[PDB]
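**Student:** Provided herewith: start_10.pdb, PDB, C-alpha atoms.
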ATOM      1  CA  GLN A 455       3.478 -29.137   7.262  1.00  0.00           C
ATOM      2  CA  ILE A 456       4.684 -29.533   3.675  1.00  0.00           C
ATOM      3  CA  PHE A 457       6.925 -32.582   3.288  1.00  0.00           C
ATOM      4  CA  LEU A 458       9.327 -32.750   0.341  1.00  0.00           C
ATOM      5  CA  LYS A 459      11.550 -35.571  -0.846  1.00  0.00           C
ATOM      6  CA  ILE A 460      12.974 -36.888  -4.114  1.00  0.00           C
ATOM      7  CA  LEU A 461      11.431 -40.076  -5.456  1.00  0.00           C
ATOM      8  CA  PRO A 462      14.301 -42.595  -5.636  1.00  0.00           C
ATOM      9  CA  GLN A 463      15.216 -43.997  -9.040  1.00  0.00           C
ATOM     10  CA  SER A 464      16.707 -47.457  -9.442  1.00  0.00           C
ATOM     11  CA  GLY A 465      20.032 -48.072 -11.122  1.00  0.00           C
ATOM     12  CA  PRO A 466      20.562 -50.349 -14.095  1.00  0.00           C
ATOM     13  CA  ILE A 467      19.989 -54.068 -13.555  1.00  0.00           C
ATOM     14  CA  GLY A 468      20.544 -56.633 -16.289  1.00  0.00           C
ATOM     15  CA  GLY A 469      23.345 -57.966 -18.467  1.00  0.00           C
ATOM     16  CA  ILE A 470      25.977 -55.630 -17.032  1.00  0.00           C
ATOM     17  CA  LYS A 471      28.662 -57.328 -14.950  1.00  0.00           C
ATOM     18  CA  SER A 472      27.277 -57.489 -11.391  1.00  0.00           C
ATOM     19  CA  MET A 473      25.894 -53.969 -11.113  1.00  0.00           C
ATOM     20  CA  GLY A 474      23.807 -54.609  -8.001  1.00  0.00           C
ATOM     21  CA  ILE A 475      20.997 -52.526  -6.562  1.00  0.00           C
ATOM     22  CA  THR A 476      21.903 -48.834  -6.792  1.00  0.00           C
ATOM     23  CA  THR A 477      20.143 -45.471  -6.876  1.00  0.00           C
ATOM     24  CA  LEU A 478      20.484 -42.704  -9.443  1.00  0.00           C
ATOM     25  CA  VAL A 479      22.249 -39.638  -8.037  1.00  0.00           C
ATOM     26  CA  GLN A 480      19.427 -37.080  -8.161  1.00  0.00           C
ATOM     27  CA  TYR A 481      18.883 -33.907  -6.152  1.00  0.00           C
ATOM     28  CA  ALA A 482      16.010 -31.448  -6.322  1.00  0.00           C
ATOM     29  CA  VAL A 483      15.948 -27.660  -6.509  1.00  0.00           C
ATOM     30  CA  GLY A 484      13.111 -25.200  -6.758  1.00  0.00           C
ATOM     31  CA  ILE A 485      11.635 -21.865  -5.764  1.00  0.00           C
ATOM     32  CA  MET A 486       9.428 -21.878  -2.671  1.00  0.00           C
ATOM     33  CA  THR A 487       7.204 -18.786  -2.558  1.00  0.00           C
ATOM     34  CA  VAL A 488       5.235 -18.025   0.609  1.00  0.00           C
ATOM     35  CA  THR A 489       2.496 -15.389   0.801  1.00  0.00           C
ATOM     36  CA  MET A 490       1.103 -14.456   4.216  1.00  0.00           C
ATOM     37  CA  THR A 491      -1.708 -11.966   4.730  1.00  0.00           C
ATOM     38  CA  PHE A 492      -1.859 -10.031   7.999  1.00  0.00           C
ATOM     39  CA  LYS A 493      -4.969  -8.290   9.246  1.00  0.00           C
ATOM     40  CA  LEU A 494      -3.878  -4.827  10.347  1.00  0.00           C
ATOM     41  CA  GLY A 495      -5.540  -2.526  12.838  1.00  0.00           C
ATOM     42  CA  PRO A 496      -5.523   1.257  12.600  1.00  0.00           C
ATOM     43  CA  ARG A 497      -3.351   3.262  14.948  1.00  0.00           C
ATOM     44  CA  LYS A 498      -5.255   4.452  17.998  1.00  0.00           C
ATOM     45  CA  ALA A 499      -6.176   8.130  17.992  1.00  0.00           C
ATOM     46  CA  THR A 500      -3.948  10.450  20.007  1.00  0.00           C
ATOM     47  CA  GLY A 501      -4.783  13.726  21.709  1.00  0.00           C
ATOM     48  CA  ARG A 502      -1.407  14.533  23.229  1.00  0.00           C
ATOM     49  CA  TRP A 503       0.184  17.929  22.830  1.00  0.00           C
ATOM     50  CA  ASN A 504       3.778  16.694  22.858  1.00  0.00           C
TER
ATOM     51  CA  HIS B  53      -6.353  58.891  15.309  1.00  0.00           C
ATOM     52  CA  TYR B  54      -4.818  58.248  11.919  1.00  0.00           C
ATOM     53  CA  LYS B  55      -1.176  59.125  12.571  1.00  0.00           C
ATOM     54  CA  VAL B  56       1.713  59.710  10.175  1.00  0.00           C
ATOM     55  CA  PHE B  57       4.714  57.488  10.910  1.00  0.00           C
ATOM     56  CA  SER B  58       7.803  59.353   9.712  1.00  0.00           C
ATOM     57  CA  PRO B  59      11.078  59.268  11.678  1.00  0.00           C
ATOM     58  CA  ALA B  60      14.198  61.264  10.853  1.00  0.00           C
ATOM     59  CA  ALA B  61      17.366  59.587   9.610  1.00  0.00           C
ATOM     60  CA  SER B  62      20.813  60.476   8.293  1.00  0.00           C
ATOM     61  CA  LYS B  73      24.916  53.818  11.903  1.00  0.00           C
ATOM     62  CA  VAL B  74      23.188  52.408   8.810  1.00  0.00           C
ATOM     63  CA  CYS B  75      19.808  53.673   7.596  1.00  0.00           C
ATOM     64  CA  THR B  76      17.503  52.663   4.767  1.00  0.00           C
ATOM     65  CA  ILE B  77      17.980  53.793   1.171  1.00  0.00           C
ATOM     66  CA  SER B  78      15.547  56.656   1.790  1.00  0.00           C
ATOM     67  CA  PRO B  79      13.654  57.734   4.916  1.00  0.00           C
ATOM     68  CA  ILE B  80      10.460  55.744   5.315  1.00  0.00           C
ATOM     69  CA  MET B  81       6.928  57.031   5.811  1.00  0.00           C
ATOM     70  CA  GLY B  82       3.507  55.546   6.334  1.00  0.00           C
ATOM     71  CA  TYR B  83       0.215  55.757   8.163  1.00  0.00           C
ATOM     72  CA  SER B  84      -0.919  54.164  11.419  1.00  0.00           C
ATOM     73  CA  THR B  85      -4.640  53.448  11.694  1.00  0.00           C
ATOM     74  CA  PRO B  86      -6.876  52.938  14.760  1.00  0.00           C
ATOM     75  CA  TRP B  87      -7.709  49.463  13.404  1.00  0.00           C
ATOM     76  CA  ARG B  88      -6.258  46.166  14.562  1.00  0.00           C
ATOM     77  CA  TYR B  89      -5.927  43.207  12.215  1.00  0.00           C
ATOM     78  CA  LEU B  90      -5.679  39.444  12.596  1.00  0.00           C
ATOM     79  CA  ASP B  91      -2.399  37.632  11.942  1.00  0.00           C
ATOM     80  CA  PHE B  92      -2.239  33.827  11.817  1.00  0.00           C
ATOM     81  CA  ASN B  93       0.515  33.422   9.218  1.00  0.00           C
ATOM     82  CA  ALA B  94       2.354  30.547  10.868  1.00  0.00           C
ATOM     83  CA  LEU B  95       2.267  26.794  10.350  1.00  0.00           C
ATOM     84  CA  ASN B  96       2.608  25.935  14.050  1.00  0.00           C
ATOM     85  CA  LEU B  97      -0.699  27.666  14.828  1.00  0.00           C
ATOM     86  CA  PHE B  98      -2.654  25.010  12.915  1.00  0.00           C
ATOM     87  CA  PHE B  99      -0.697  21.907  13.983  1.00  0.00           C
ATOM     88  CA  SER B 100       0.015  20.835  17.516  1.00  0.00           C
ATOM     89  CA  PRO B 101       3.427  19.157  17.879  1.00  0.00           C
ATOM     90  CA  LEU B 102       1.714  15.759  17.846  1.00  0.00           C
TER
END
What does this structure look like when you write it as structure tokens?
**Tutor:**
Amino acid sequence: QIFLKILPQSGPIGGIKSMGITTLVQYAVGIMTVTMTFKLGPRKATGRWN
Amino acid sequence: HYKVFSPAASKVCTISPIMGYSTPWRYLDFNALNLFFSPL
């Protein structure tokens, strides 16, 4: 399993008038590329007429 | 016998009456795709 989340970022804290603990509004995007290999077996030989 | 094949003609016929020779020999004919491939 591949777990993804966005690392939270803290809001400003300091001389501003009672900001309080907040979190920066951040969302993540990306391109997830998956490559699967499949072993493949040859078709069985056939001797039918039809 | 080598025979002469030559019918009489005058109903639609060829441009001209045909003629040829028939030989005592037989020959092989396998000019067909389905002879080499089964349906499968």
**Student:** One decimal, Å: what's the distance from atom CA of residue B:78 over to atom CA of residue B:53, could you say?
**Tutor:**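 Atom-to-atom, atom CA of residue B:78 and atom CA of residue B:53 are spaced 25.8 Å apart.
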**Student:** Quick one: which residues from chain A are at most 10 Å off chain B, using all atoms listed in the file, as a list in words?
**Tutor:**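 Filtering chain A at 10 Å from chain B with all atoms listed in the file gives residues 500, 501, 502, 503 and 504 of chain A.
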**Student:** Identify all residues satisfying the PyMOL selection byres ((chain B and resi 57) around 6) in the given file; provide them as JSON, numbers by chain.
**Tutor:** {"B": [56, 58, 81, 82, 83]}
**Student:** Excluding same-chain residues fewer than 6 positions from residue A:467, what lies within 12 Å of it counting all atoms listed in the file, as a list in words?
**Tutor:**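 Skipping anything fewer than 6 positions along the chain leaves residues 473, 474, 475, 476 and 477 of chain A.
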**Student:** By how many Å are atom CA of residue A:487 and atom CA of residue A:458 apart?
**Tutor:**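 Going from atom CA of residue A:487 over to atom CA of residue A:458, I get 14.4 Å.
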**Student:** May I ask for the distance between atom CA of residue B:55 and atom CA of residue B:84, given in Å to one decimal place?
**Tutor:**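 Atom CA of residue B:55 sits 5.1 Å away from atom CA of residue B:84.
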**Student:** Find, counting all atoms listed in the file, the residue in A:480, A:499, A:493, A:486 that gets nearest to residue A:459.
**Tutor:**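 Ranked by minimum distance to residue A:459, first place goes to A:480.
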**Student:** Edge lengths and centre in Å to one decimal, as JSON, is what I'm after for the box along x, y and z that holds all listed atoms of stretch 456-466 of chain A once 8 Å is added on each side.
**Tutor:**
{"center_x": 12.6, "center_y": -39.9, "center_z": -5.2, "size_x": 31.9, "size_y": 36.8, "size_z": 33.8}
